[PDB]
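Please read the structure below before turning to the comments.
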Amino acid sequence: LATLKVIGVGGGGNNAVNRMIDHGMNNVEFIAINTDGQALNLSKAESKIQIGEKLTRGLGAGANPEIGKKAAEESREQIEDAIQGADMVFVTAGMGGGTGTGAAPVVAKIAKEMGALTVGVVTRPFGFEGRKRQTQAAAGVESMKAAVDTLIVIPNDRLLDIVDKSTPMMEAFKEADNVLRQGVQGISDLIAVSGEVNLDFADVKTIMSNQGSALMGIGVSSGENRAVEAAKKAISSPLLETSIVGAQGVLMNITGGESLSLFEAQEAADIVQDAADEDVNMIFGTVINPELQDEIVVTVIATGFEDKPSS
Ligand SMILES: Nc1nc2c(ncn2[C@@H]2O[C@H](COP(=O)(O)OP(=O)(O)O)[C@@H](O)[C@H]2O)c(=O)[nH]1
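Under UniProt numbering, the sequence shown is numbered contiguously, ending at residue 321.
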């Protein structure tokens, strides 16, 4: 089965990796990449790469993206060794600092160069962090676009839309973490199970390879209108820079029990295509899990946003 790897670059990326490992992920290899030796020492990842030792003396990049870049370039061989054999690589980082901003694009370009389907999931800084951080991050996002197959951007300001006055910062961070984690899990599940209408890693490549922005979502629902409700949840995007609107390619997998109806499968597909408001090329799949009773799961991967709009 296709070899999946998730690579956290810099502080935010490392944090995401640690929290994903805590949450529980089967058949995924994690790699932690940082300049900061103290943070690496605390990483839960099975594979750790300290980059730029000579430049930083084991410290972080001090918000300087040129140091993050030079560090990654300096450690290219070690990064190549850690990635070798991967079929798909997810690179996650916080844009705005030095290590994520400068090194994540280098890491992604190595992963792609060496044949892996490469997806980035990065954050933009909070407005309260100031304009310099925002400007550095914007350059990082542009660099990431050039280095990956597909990119998902999570503006940290969106977290302010899902918290009340007391929600812990760490709880908010976990909500952002769900984007990459559930995207990885949906691909892992799609590879592992044969479906009645079967989609596999080649379908994922068709949808995600050499594209631009992406949306990856999952919805789960039971009862009346379950399919419509699951599809709406899969495309809901309160934390995303890139919503479903304008998608021209969608991989949609529906998992249900024996009761999964043709009518509700069409309903789900129609929700996604109507929200995209485009001529969508839909690669549709269906998995019947007989242990499931009234539950339905809809997973969506959407791309093609940069393609010329249709008439
Ligand atoms: N959502 C989220 N954002 C983070 C986290 N840690 C850092 N950030 C964001 O990431 C940006 C870069 O921080 P950091 O990754 O620690 O810097 P670096 O190590 O030099 O790359 C910060 O400016 C924040 O906006 C996290 O755990 N979650």
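Ideal placement from N, C-alpha and C gives every residue a C-beta, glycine not left out.
| Query | Result |
| --- | --- |
| 3-residue-minimum beta strand (DSSP E) runs that sit fully inside the region 38-107, ordered along the chain | 38-44, 57-60, 98-104 |
| Spatial distance of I31 from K64 (CA atoms) | 30 Å |
| Residues bridged to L261 [DSSP beta-bridge criterion] | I293, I311 |
| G95 burial status per 10 Å Cβ neighbour count (16 or more: buried) | exposed |
| Contact test: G106 Cβ vs ligand 1 heavy atom, cutoff 7 Å | yes |
| Segment limits, alpha helix (DSSP H) that includes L190 | 179-202 |
| Selected residue, minimal CA-CA separation from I89, among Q144, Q60, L170 | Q60 |
| Inter-residue Cα distance where the pair is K119 and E239 | 38 Å |
| Helix, strand or coil at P115 according to DSSP, with G and I counted as helix | helix |
| Beta-carbon separation (whole angstroms), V194 vs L14, contact threshold 8 Å | 7 Å |
| Host beta strand (DSSP E) of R141 (start-end) | Here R141 belongs to no beta strand (DSSP E); instead the alpha helix (DSSP H) covers 141-157. |
| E139 and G108 closer than 8 Å at C-beta | no |
| Three CB pairs or more closer than 8 Å across the region 252-268 and the region 285-304 | yes |
| Separation of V310 from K242, as counted between CA atoms | 10 Å |
| Stretch pair the region 277-293 + the region 189-205: three plus CB contacts closer than 8 Å | no |
| Sheet register partners of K15 (DSSP bridge) | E39, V99 |
| Spatially closest choice to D304 from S232, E87, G22, by CA coordinates | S232 |
| heavy atom of ligand 1 below 7 Å from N166 C-beta | yes |
| Any non-hydrogen atom of ligand 1 within 7 Å of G193 CB | no |
| Range of the contiguous beta strand (DSSP E) that encloses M226 | 225-231 |
| Given 8 Å, three or more beta-carbon pairs between the region 15-24 and the region 211-230 | no |
| Alpha-carbon spacing of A157 relative to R191, whole angstroms | 21 Å |
| Contact test: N51 Cβ vs ligand 1 heavy atom, cutoff 7 Å | no |
| Chain-order list of residues whose beta-carbon lies under 6 Å from that of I201 (same chain, five-residue window excluded) | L11, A12, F211 |
| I172 versus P248 - alpha carbon distance | 8 Å |
| Strand pairing of residue 336, partner residues [DSSP] | Residue 336 is absent from the model: the chain starts at 11 and stops at 321. |
| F40 Cβ short of 7 Å to ligand 1 heavy atom set | no |
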